[PDB]
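Descriptive analysis of the structure
If you want the building blocks of each chain, they are given just below.
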Amino acid sequence: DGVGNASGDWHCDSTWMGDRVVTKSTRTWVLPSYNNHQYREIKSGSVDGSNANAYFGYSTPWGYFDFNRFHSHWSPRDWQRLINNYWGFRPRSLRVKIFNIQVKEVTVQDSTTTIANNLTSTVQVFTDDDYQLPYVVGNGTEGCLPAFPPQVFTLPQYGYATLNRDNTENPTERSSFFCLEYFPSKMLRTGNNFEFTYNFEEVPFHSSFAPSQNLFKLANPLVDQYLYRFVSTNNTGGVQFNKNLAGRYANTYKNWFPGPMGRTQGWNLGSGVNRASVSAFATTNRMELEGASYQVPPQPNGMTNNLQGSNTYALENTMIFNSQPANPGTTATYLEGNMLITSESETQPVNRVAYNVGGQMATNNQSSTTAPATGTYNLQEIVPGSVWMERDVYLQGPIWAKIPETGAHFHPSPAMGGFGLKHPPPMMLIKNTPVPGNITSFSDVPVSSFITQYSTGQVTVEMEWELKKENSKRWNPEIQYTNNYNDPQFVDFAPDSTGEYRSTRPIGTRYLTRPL
Amino acid sequence: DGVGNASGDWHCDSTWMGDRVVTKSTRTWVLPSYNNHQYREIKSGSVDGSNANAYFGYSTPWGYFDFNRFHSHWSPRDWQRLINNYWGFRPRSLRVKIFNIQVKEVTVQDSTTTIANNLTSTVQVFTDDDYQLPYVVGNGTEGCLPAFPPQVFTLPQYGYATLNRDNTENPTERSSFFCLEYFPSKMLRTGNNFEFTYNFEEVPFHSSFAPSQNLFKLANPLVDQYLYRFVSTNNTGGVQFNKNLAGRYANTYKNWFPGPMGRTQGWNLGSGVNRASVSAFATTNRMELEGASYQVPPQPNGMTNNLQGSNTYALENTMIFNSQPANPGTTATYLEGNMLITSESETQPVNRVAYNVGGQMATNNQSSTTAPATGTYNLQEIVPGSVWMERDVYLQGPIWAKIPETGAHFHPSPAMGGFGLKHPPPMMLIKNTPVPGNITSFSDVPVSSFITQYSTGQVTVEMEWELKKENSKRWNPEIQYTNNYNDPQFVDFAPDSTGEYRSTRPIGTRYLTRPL
Amino acid sequence: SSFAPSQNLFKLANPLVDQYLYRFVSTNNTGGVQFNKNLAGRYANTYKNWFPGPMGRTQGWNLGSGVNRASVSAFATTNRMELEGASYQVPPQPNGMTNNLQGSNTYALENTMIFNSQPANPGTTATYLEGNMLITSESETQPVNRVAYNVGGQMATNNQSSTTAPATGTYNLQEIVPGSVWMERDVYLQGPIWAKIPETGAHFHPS
């Protein structure tokens, strides 16, 4: 409509209506003109001793909007209300609006640096609906909307990696180039606005509960089994048997088995007592692809990193986060007090411990000449009758990941956590239109001289969630997340005297308990 | 409508629907104020030793839009899809939109050079529908919309040549002056937009196929002809005859003849072995008009420049292109590795070779006293029963040319390639309106003082194409264009580390094969 | 699926942007744990959502210029499965691996379909060299499928202590894990369209 008329209004709110909760979030963003209006080929050779580091790729003029973090949609008080009272939750609908656009021109004469409004300048916006572009949103990267509503943020620059030849910086014939300007886009002046709507596919609810029973202790404690086990051979080697007694969980027939495991090193925290002067990388867990060795830092699902009490943690099976945001490219060492370290101890009744060996199997054939022998195993994979619990979500953590298109997959739950989607919420791309500097003569060669410009505006995201209610018959009181501090010098989840937000603790979803 | 409202949106796309393909292209352009708002008489005398160089003409304040190149409408992947799967293609419809206009004023005080928006300034636009103006669009000149969508381009300045007297810079009484301001034009401020629509006349489809048979080898190989030839005279000079045998193509009666030829010099490429220190111009092919000798660098249709394998090329029968755009007025020498050189070797089954002699004819009357004699010929023209193939189109090359209005013509296919049209898509002309500097007194003499200004905006072109499907019964696999490179250091048809587009190879349309 | 992947399974993070996630890299002179942030483009050290498909190690033989070991009888060292008291060669191996890297003349022969250009007489016992044979390559699936000739990865074999340094061991076989992705074997014009699933009442992933 016009220079003097506002395109949209601020909405930041939560509404709770029975089985449904609606979240509204509004933020202010800034867009730089990246690459000076150009597409650049980007590449790397081996770095820090590793060829797994090498890649071939393109950097682009465009920027994108990322909302795949829970703190983007949820207040700390609203998150506490959900974890305390519900068995499960799932996403249903998404709505996005971009509005109140302002384009600015920056000029320097003799070091003055004046800044001014340009009314006739445009911004370009599009959504990748058919998934033609490479999707970089679900990989745990920075640049999402901020946890605190007043904070103002810079949009991330879009880029991708294609194929590389023989673990080197060079490309292959199969390697691909994608142009964003080939797709159609909306053009916006200061009066104009953009809107999009999405529906999520049917997905299973996340489980916000901890088991109240061990997988191996399900027989009644009072009653004996009608089943027998081999315990012995006599002086002539004749087989002998005994009945299975009540409460003897070590010797009982079992219907179901625990989930898959791979052994990972355990390190003590706090009082500790670990080995000195160690370089971690040579002894880390790895998988081999195309001739290179890769660390796979979240391990695959079905294990627990920490026992309960205990200060032993398997570090490569744990999500590690920082309380405060960091500057790009930092190489600084961080001690444990700075870090936020997660524990999966609630899943221990059904999930095997990562630091320990899995079990034992037979290695020989017994004979009158030879005694029977067993051996321990460090890895096991899926077996029929297998049961496990998936990794917990965090307020600091991601909601979704895109399933890769290969035509074959098994059990599609992402390792970091969250919901695995065949058709994920789509990539949203924004760029500043090139505006040319004074040109007085004709050339076939393309213009490289442009006026310097940046853009600013407001973004609103609305999300709908489906809730599963608790139906417990437990008489005694349950565990709950609480604000509990001894002699506090500051309020957590609040601004400080300088105005910086403080977030000391990581928050999971499992406080409620259910029988197996 | 307004200062804060956008006139149009970005559309860059291809849609394939059975027999029809639609192409959409969007670009950003810059317009200079050419000639400082004045019309100038332009002229030349003899240059580089030639009077064919002399001309008399006018230069104008206006600029024009040119779309007669395939890379303007076609992506490299889309062009590969057409050449691989279709017998023929033709143009059907054209739509043009000009929008998002921005007028800027440039001021200099003491070397500062400040640039600012002028809201009340106008741009003027018109189309030459009745072909009253001289048409300069179909002559292989620079200034067309760019191959890569992100590239920003300067519009070419309009000019023309009229009649000149006695191969000198002077005019004739028949010589003509044309004023653009005499035609009606639309006037546009920053809010305003312009649109045009065109329909192409019926034209024959281009042939995207190579012949699978020789013109002279069409008789069945197994069966003899019922026809006889003279082979001999006896000791008394009495005539003798022999029957024509199966597979003897050298001695067989023929229905049809090859197309017209003129001999052109052949030069070796690569390993080569050509003559040293040669100046080319004195020995080049020429046609004489109005007392001057002119090189005619594309030769006329019906010949082939290169045999297949072979490194001999007739250079004056070949389209030569540069991979990268060049600065105006360059006099630099270029070697073969920089150049993109085309081959017509697919048409060799029906088209005579340019470097070789055409054939032999009788030069005498035989008698008992005199033996019979023959002579070779270096040129031949159209004969009844003549068949030939027209020159191939290239992605780097032009779509159309205007047929000249003389009232008489034969077979109207242009020498460079493409479609010859009596009523071509029309000339589109744009100018910046003169805005005056401060005037304090009256004069009859016209104002020569104006504020300095330039314009910028977006242009969209939409084109519809009709396709002819392949109907082959060939059992074995065909030749296809492929991305095939050994040990590549860059991706072809992509930007580099500096952001410059790379286009190493020329691409033709003939990969499919058909029987004669 | 008649297509080849244009991206590696482990290279999906944006090359320009750093992760908000940290990894353990070190212990100090008193054995206290130390951490570093994950940087942009460092694919060796990045958190991963998805894992490659199942693998079993199979011997690799050079073709063309080659340079393989002389006078070998193949059968004793071949891959086998045991049924009802007997050892059986299982010549197509199970799905989720790639036989050949690209370029490279190393092929895992027991993971490859081998065909003859010409039909043969029944009962022939004749030796055939490589030039007579038609040998397939699965190099397009290498961005998501592990190589058969190479080891799969490494896992922890011990518990670290002030007395004991940490240790790892390589594995030659691995099976399906949750979050696993792979590509099935390609069809050929010379090859078969279909197979019947056996009736047992239980099966997994029937390709």
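Residues numbered from 1 in each chain as written, not as in the entry; some residues may be left out. Chains lettered and ligands numbered in written order. Part of a larger assembly, values for the part shown. Heavy atoms only, no water.

Header annotation of the entry names cryo-EM as the structure determination method and lists the resolution as 2.55 Å.

Identification of chain C as Capsid protein from adeno-associated virus 5 is taken from the PDB entry. Per the header of the deposited record, the title is "Structure of Modified adeno-associated viral vector, AAV5-BCD".

In the nomenclature of the PDB entry, chain A is known as Capsid protein of adeno-associated virus 5. What UniProt records for chain A under Subcellular location (unreviewed entry) is the sentence "Virion". The heading Sequence similarities (unreviewed entry) in the UniProt record of chain A holds the text "Belongs to the parvoviridae capsid protein family." (UniProt positions renumbered as here; feature names shortened; annotations may be inferred.)

Before going further, it helps to spend a moment on the overall build of chain C. Within chain C, the secondary structure is distributed over 0 helices and 16 strands. Taken over the C-alpha trace, chain C has a radius of gyration of 22 Å; the compact-globule value for 207 residues is 17 Å, which it surpasses by more than 25%. Summarising its shape, the C-alpha atoms of chain C cover approximately 75 × 50 × 40 Å along the three principal directions. For chain C, buried positions account for 43% of its 207 residues. Taking all contacts inside chain C whose residues are at least 6 apart in sequence as the whole, residues at least 24 apart take part in 58%. If you sum the accessible surface of chain C, you get close to 11400 Å²; carbon and sulfur atoms cover 53% of it. In chain C, which carries 11 positive and 11 negative side-chain charges, the distance between the mean positions of the two groups comes to 14 Å. (Helix = DSSP H or I, 4+ residues; strand = E, 2+ residues; numbered from the N terminus. Rg over C-alpha atoms; globule rule 2.2 N^0.38 Å. Buried < 20%, exposed > 50% of the residue type's maximum accessible area, 1.4 Å probe, protein only. Contact = heavy atoms within 4.5 Å. Areas by Shrake-Rupley, 256 points an atom, 1.4 Å probe, with all protein chains shown as cover. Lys, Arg positive; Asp, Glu negative; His and termini not counted. Charge placed at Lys NZ, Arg CZ, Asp CG, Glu CD.)

Bringing the sheet that holds strand β13 (residues 153-156) of chain C into the picture now. Sheet architecture is open: 4 strands sit in the order β20(A)-β19(A)-β13(C)-β14(C), paired in antiparallel fashion. Sheet topology places β20 (292-295) of chain A together with β14 (168-171) of chain C at the edges, where each strand pairs with a single neighbour. If you compare each strand with its neighbour and ignore which way they point, the axes differ by 25 degrees on average. When strand β19 (residues 286-289) of chain A meets β13 of chain C, the two strands line up antiparallel, connected through 2 bridges. Bridging across to β13 of chain C, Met287 of chain A finds its partner in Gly153 of chain C. (Pairing = 2+ DSSP bridges. Axes fitted to C-alpha atoms, helices over the stretch in contact; angles between N-to-C directions.)

Bringing the interface of chain A and chain C into the picture now. Contact residues are listed per partner, giving 113 residues for chain A and 89 residues for chain C. Taken as a group, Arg275, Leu289 and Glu290 of chain A account for 8% of the area that chain A buries against chain C, more than any other trio of residues on that side. For the interface between chain A and chain C, the tally reads 2 salt bridges. A salt bridge links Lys37 of chain C to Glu142 of chain A, with the shortest nitrogen-to-oxygen separation between them at 2.9 Å. On the surface where chain A and chain C come into contact, there are 45 residue pairs in polar contact. In terms of residue count, strand β9 (residues 157-162) of chain A provides more of the side of chain A that touches chain C than any other element does, 6 residues in total. Counted by class, the side of chain A that touches chain C contains 55 nonpolar, 43 polar and 15 charged residues. Pairing of strand β31 (residues 408-409) of chain A with strand β16 (residues 180-182) of chain C, which is carried by 2 bridges, proceeds in the antiparallel orientation. What sits directly across from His409 of chain A, in β16 of chain C, is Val181 of chain C. (Buried area = accessible area lost by both parts, 1.4 Å probe. Salt bridge = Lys/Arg side-chain N within 4 Å of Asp/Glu carboxyl O. Polar contact = N/O pair within 3.5 Å; in protein donor to acceptor, adjacent residues only side chain to side chain. Nonpolar A, V, L, I, M, F, W, Y, C, P; charged D, E, K, R; others polar.)

Next up on the list: the interface of chain A and chain B. Each side of the interface is counted separately: chain A has 50 residues, and chain B has 60 residues. Of the roughly 4500 Å² buried between chain A and chain B, counting both surfaces, carbon and sulfur atoms make up 56%. Three residues stand out in chain A for area buried against chain B, namely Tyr182, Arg189 and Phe442 of chain A, and they jointly supply 16% of the buried area on that side. For the pair chain A and chain B, the interface holds 15 residue pairs in polar contact. Elements supplying a minimum of two residues to the side of chain A that touches chain B: β3 (40-44), β4 (55-64) and β10 (186-188) of chain A.

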